[PDB]
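Be aware that the sequence shown starts at 1, since it is given in the deposited numbering, and climbs by one per residue. Below is one structure, written out as structure tokens; comments come after it.
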Amino acid sequence: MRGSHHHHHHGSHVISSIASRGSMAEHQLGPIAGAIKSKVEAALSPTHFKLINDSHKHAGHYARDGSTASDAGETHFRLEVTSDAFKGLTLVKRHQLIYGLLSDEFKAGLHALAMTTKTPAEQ
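Written out as structure tokens, the structure reads:
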């Protein structure tokens, strides 16, 4: 009751290309005013802070589209921060540190979204 055999041979070849830019830590440039103050407090570090404020004064004068003045879901103001690209610690800490949110957005009238990602400082 003997017997044994096997075989296998399958490969391939693929060519890839190259493409990249200068590795830097700055992909934003658009200071508002009051918010800039909060970012500065964090500017002391190599981290990055992206804040964009659009605000919403009023519509035109020919549309309406069933509008009764509300604004709750669109959001025009947002504050984000990237530190070492690695969220882990209580993000609420970074946001509270700069305490920038809820500043210029209040003038907009619509909610806002913020996301801060920083490496763990306590292991």
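We treat Cβ as the ideally placed atom computed from N, Cα and C, and that holds for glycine.
Hey, could you find the ends of the alpha helix (DSSP H) residue i is sitting in?
i: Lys118; result: Note, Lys118: premise wrong, no alpha helix (DSSP H); beta strand (DSSP E) at 113-118.
Where does residue i fall in DSSP's three states?
i: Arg21; result: coil
i: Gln123; result: coil
i: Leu97; result: helix
Does the beta-carbon of residue i have 16 or more other beta-carbons within 10 angstroms, so that it is buried, or is it exposed?
i: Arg64; result: exposed
i: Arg94; result: buried
i: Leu79; result: buried
i: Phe77; result: buried
i: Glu26; result: exposed
i: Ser103; result: buried
i: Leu101; result: buried
i: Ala33; result: exposed
Thinking C-alpha only, which one of the options is nearest residue i?
i: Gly109; options: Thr68, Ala25, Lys57; result: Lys57
i: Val40; options: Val92, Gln123, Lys107, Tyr99; result: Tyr99
i: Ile52; options: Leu113, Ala19, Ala59, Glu122; result: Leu113
i: residue 129; options: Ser70, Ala69, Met115; result: The requested residue 129 is not part of the displayed model; the chain covers only 1 to 123.
i: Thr119; options: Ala33, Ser55, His10, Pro46; result: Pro46
i: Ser38; options: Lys107, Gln123, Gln96, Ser12; result: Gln96
* For the segment 19-93, list the beta strand (DSSP E) runs that are entirely contained and at least 3 residues long, ordered along the chain. => List check, beta strand (DSSP E) in window: 48-53, 77-83.
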